[PDB]
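Chemist:
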Amino acid sequence: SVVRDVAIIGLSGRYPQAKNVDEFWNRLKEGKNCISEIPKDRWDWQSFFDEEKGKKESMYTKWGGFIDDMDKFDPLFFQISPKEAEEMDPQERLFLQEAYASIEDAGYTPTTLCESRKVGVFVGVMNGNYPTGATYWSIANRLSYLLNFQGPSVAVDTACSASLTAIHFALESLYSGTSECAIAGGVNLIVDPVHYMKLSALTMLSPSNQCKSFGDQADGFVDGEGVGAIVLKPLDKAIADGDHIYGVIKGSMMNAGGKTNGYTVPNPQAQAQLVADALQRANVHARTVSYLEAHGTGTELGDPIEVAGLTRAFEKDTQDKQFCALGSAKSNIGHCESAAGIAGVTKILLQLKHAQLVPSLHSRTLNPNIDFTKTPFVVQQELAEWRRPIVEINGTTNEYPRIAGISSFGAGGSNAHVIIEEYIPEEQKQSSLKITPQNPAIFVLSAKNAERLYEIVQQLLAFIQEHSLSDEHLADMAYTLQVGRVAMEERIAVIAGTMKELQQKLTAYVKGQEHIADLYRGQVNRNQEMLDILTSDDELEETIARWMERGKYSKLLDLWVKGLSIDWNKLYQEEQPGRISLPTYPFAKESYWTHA
Amino acid sequence: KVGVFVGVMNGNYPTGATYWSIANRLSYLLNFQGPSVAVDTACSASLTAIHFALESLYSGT
């Protein structure tokens, strides 16, 4: 059907030295170069290292963007056996965990995300080096099975553009209505030295730890790892349901360069057509774009071609010069193949959340072959406020939203581009759910076992501290914890009328205090029998309804913590609080590996 | 604007799974500049590829 606006309602990711998107923000804002030495637990690089570029069965770098705890997993959470976990590619494991976390971040459970179960799964992947083989379809299908998704389920491989192709397909699927909700993302892990030997034989990699995006002396990219997932939802429905929205994808395109002077040589004309077509489909004039996250792999050939293409595409709409900032996240985390597009999307969404532009590293001296004074763009060098541009298109002047474009190009010539606009809410702050000591909030927490629940409490205290959450967040926090977390076997619940009170009681719990006022502990495992026989009848769900109205909070929580199912939505008779991001489940970190 | 959609699910050759190149080599050699993608949906993979092609034709890309 027709192009329409698509909301991003959920986000999770793991990047070098960034186990969550908060760390990613800290790395971006500070201009951190996240490249490190090949960990000994991957292989010993000295055995294979040779300065001779292009040599066979060798490599000329010691560097990569490696994530921590690559081999860890919580198989019991998913009722997967340890042997099966050993046999599962860790790429599948990590995408599964990030998608689950992204669902928690949105504030939904697997059941309520989509009642029809028509949730699509689209995943980009291009490397399959685990010893048990490439099994890309299973990265999607494992998710669809475990989470009861009955929409499309597909693994895509378009090389370096794979995750942006996947996003494009997801937008198509939402437009045609075969999915009402969708998971989109990509994954790439470096699990075997042959990964580096192949890239080294074609001399595509830099020897150094610097991806010099648009910088002088460009000599290839630094290889990287990444895993990310986003939840996509129609904008109108996202507004109606009160979800929190990182941004609105207005449109995208993917294409290929066709025949150029040599295989893997990029074609600037096709890139220009790509970007022009994305802008036309989005109905976005190029002059309103104020940041461009480039592919920016740091090769001497590709960067000038890219800038020529961008200049040609923008010059179709405007002759204005140096109005749009340009940068690349690869300067921080390196080039991560199938996850490069999702990493760039994440950076754009974080910039929108913080309304900030971060440094693009290693471009203090610009490519001497690129005359930026002849272009629409200024390469972003320092942390700066991201300004809404004021623009006189058509001799009419208006303020436009912060809008960014992102391009992603594959080695085989497959290109994609996506247009992302800030979401600007309507100013409705009735605040009729004001949480006070007279109208306290119900905070519920649960986990598979006591260790995980304890870690959940620690992470909540830390998150409240980190983001300076206070009384005005209690309503949204409690609502999100009520309706946006699966109620697991080990449960606690706290009544609090102020943030300080919550911090006090939770710290006392963390501190080992056996008896805490208005804090209840218990397990579902114990009272399974009586639960089964009483909840069948609505008669008792009505009794709960009356307890809630009357405010018998202590009673409901004493029963809830033993396993009594409570429809927390009935707690909000008039209106609804908003969903907010909160920390996600701290999966157990146990190592599993096979033998080749 | 010729699209290429190919279903594949096994990558056991000694130099590795390089599924993207099965499509991109074709698009390069024949000067095709439409979408070029390797899809893996296991057994149904080629019919998934057909489904994608039908969509792509429907939207006019």
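Taken in sequence, the protein lines are chains B and A.
For what it's worth, the deposited numbering labels the leading residue of the first sequence as 535, then goes sequentially.
For what it's worth, the deposited numbering labels the leading residue of the second sequence as 652, then goes sequentially.
Idealized CB from N, CA, C, for every residue including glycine.
1) Find the residues of chain B that neighbour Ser672/A, judging by a C-beta separation of less than 7 Å, and give them in chain order.
2) Taking the Cβ atom as the reference point for each residue, do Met1011/B and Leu1116/B lie within a distance shorter than 8 Å?
3) Okay, do the region 1094-1105 of chain B and the region 1050-1059 of chain B touch, 3+ Cβ pairs below 8 Å being the bar?
4) Span of the alpha helix (DSSP H) holding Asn675/A?
5) Within the 8 Å Cβ cut-off, does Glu706/B reach chain A?
6) Do the region 792-803 of chain B and the region 952-969 of chain B meet, that is, are 3 or more Cβ pairs less than 8 Å apart?
7) Going along the chain, which unbroken runs of the beta strand (DSSP E) with 3 or more residues stay wholly within the region 723-791 of chain B?
8) How is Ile937/B classed by DSSP in three states: helix, strand or coil?
9) Quick check: the Cα distance between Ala984/B and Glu1048/B, rounded to an integer number of angstroms?
10) Tell me which residue opens and which closes the alpha helix (DSSP H) that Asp691/B is part of.
11) State the CB to CB distance for the pair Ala541/B and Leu766/B, rounded to an integer number of angstroms; the pair is presumed to be in contact (CB under 8 Å).
12) For the region 772-791 of chain B against the region 920-931 of chain B, do three or more pairs of beta-carbon atoms, one drawn from each stretch, fall closer than 8 Å, so that the two count as touching?
13) Compare the C-beta of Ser697/A against all C-beta atoms of chain B and say whether one is closer than 8 Å.
14) Only counting the same chain, and skipping five residues up and downstream in sequence, which positions put a Cβ closer than 6 Å to that of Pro1111/B?
15) Report buried or exposed for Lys746/B, applying the criterion of at least 16 other Cβ atoms within 10 angstroms of its Cβ.
16) Could you say which of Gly565/B, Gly929/B, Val555/B lies nearest to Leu891/B if we only look at CA atoms?
17) Please say whether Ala735/B and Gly654/B have beta carbons closer to each other than 8 Å?
18) So for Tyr1043/B, helix, strand or coil by DSSP?
19) How about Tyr679/A: is its C-beta nearer than 8 Å to some C-beta of chain B?
20) Name the residue from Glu586/B, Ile717/B, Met1064/B, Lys1104/B whose alpha carbon lies nearest to the alpha carbon of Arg651/B.
21) Find the residues of chain A that neighbour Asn866/B, judging by a C-beta separation of less than 9 Å, and give them in chain order.
22) Can you list, in chain order, the residues of its chain whose CB lies under 6 Å from that of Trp671/B, leaving out five sequence neighbours each side?
23) Can we say the region 749-769 of chain B touches the region 706-726 of chain B, given the rule of at least three CB pairs closer than 8 Å?
24) Can you give me the C-alpha to C-alpha distance between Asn743/B and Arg898/B, rounded to a whole angstrom?
25) Return the residues of the region 614-633 of chain B that lie within a Cβ-Cβ distance of less than 7 Å from chain A, sorted by chain order.
26) Could you give the DSSP three-state label for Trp579/B: helix, strand or coil?
27) Using Cβ-Cβ distances below 9 Å, what residues of the region 642-663 of chain B are close to chain A?
28) Ordered along the chain, which non-local residues of its own chain (more than five positions away) have a Cβ less than 7 Å from that of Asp726/B?
29) Out of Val1020/B, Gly1018/B, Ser1004/B, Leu1015/B, which has the shortest C-alpha to C-alpha gap to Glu1035/B?
30) Using the beta-carbon of each residue, which ones in chain A are nearer than 8 Å to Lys732/B?
31) Note down the Cα distance separating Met738/B from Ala945/B, rounded to an integer number of angstroms.
32) In terms of residues, what are the limits of the beta strand (DSSP E) holding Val978/B?
33) Using a 10 Å radius around the Cβ and a threshold of 16 neighbouring Cβ atoms, would you call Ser687/A buried or exposed?
34) For the beta strand (DSSP E) holding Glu591/B, just list the boundary residues, first then last.
35) Could you tell me which chain B residues have their CB closer than 8 Å to the CB of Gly711/A, listed as they occur along the chain?
36) Does the beta carbon of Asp691/B come closer than 8 Å to any beta carbon on chain A?
Modeler: Once the coordinates are examined:
1) Near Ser672/A (Cβ distances below 7 Å), the residues of chain B are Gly946.
2) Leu1116/B sits close to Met1011/B, with the two beta carbons spaced by under 8 Å.
3) When C-beta atoms of the region 1094-1105 of chain B are compared with those of the region 1050-1059 of chain B, three or more pairs fall below 8 Å, so the two segments count as touching.
4) Annotation: the continuous alpha helix (DSSP H) that includes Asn675/A extends over 670-680.
5) At a cut-off of 8 Å between beta carbons, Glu706/B contacts chain A.
6) Counting C-beta pairs closer than 8 Å gives fewer than three between the region 792-803 of chain B and the region 952-969 of chain B, which falls short of the contact rule.
7) Correct list: 760-768, 781-790.
8) The answer is strand: DSSP assigns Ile937/B an E or B state.
9) Cα to Cα, the separation comes out at about 14 Å.
10) Where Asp691/B is concerned, there is no enclosing alpha helix (DSSP H), although the beta strand (DSSP E) it sits in stretches over 687-691.
11) Contact flag correct, Cβ pair sits at about 7 Å.
12) The answer is no - the region 920-931 of chain B does not touch the region 772-791 of chain B, with fewer than three Cβ pairs under 8 Å.
13) No Cβ of chain B is located within less than 8 Å of the beta carbon of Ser697/A.
14) Around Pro1111/B: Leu967, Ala1009, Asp1010, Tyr1013.
15) Within a 10 Å sphere around the beta-carbon of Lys746/B sit 16 or more other beta-carbons, which makes this residue buried.
16) Distances from the CA of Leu891/B to each of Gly565/B, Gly929/B, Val555/B were compared; the closest alpha carbon is that of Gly565/B.
17) No. Outside cutoff.
18) Of the three classes helix, strand and coil, the one that applies to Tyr1043/B here is helix, per DSSP.
19) Contacts with chain B at 8 Å (Cβ-Cβ) include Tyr679/A.
20) Per the Cα distances, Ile717/B.
21) For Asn866/B, there are no C-beta contacts with chain A under 9 Å, since the nearest C-beta of that chain is about 26 Å from it.
22) Correct list, in chain order: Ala689.
23) Per the Cβ contact rule, the region 749-769 of chain B is in contact with the region 706-726 of chain B (3 or more Cβ pairs under 8 Å).
24) Our two residues, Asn743/B and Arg898/B, have alpha carbons roughly 16 Å apart in a direct line.
25) Answer set for the region 614-633 of chain B: empty.
26) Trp579/B falls in the helix class under three-state DSSP.
27) Hits within the stretch, in order: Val659, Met660, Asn661, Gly662, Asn663.
28) Here the set comprises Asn663.
29) Closest by alpha carbon: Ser1004/B.
30) Annotation: Cβ neighbours of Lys732/B in chain A (cutoff 8 Å, chain order): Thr666, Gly667.
31) Near 10 Å, if we compare the C-alpha coordinates of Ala945/B and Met738/B.
32) It spans 975-981 - the beta strand (DSSP E) in which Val978/B sits, taken as one unbroken run.
33) Note on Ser687/A: 16 or more other CB atoms within 10 angstroms of its CB, so buried under the neighbour-count rule.
34) Element bounds for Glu591/B: n/a, residue is neither H nor E.
35) In chain order: nothing, as chain B lies at least about 10 Å away.
36) Cβ-Cβ to chain A under 8 Å: yes for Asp691/B.
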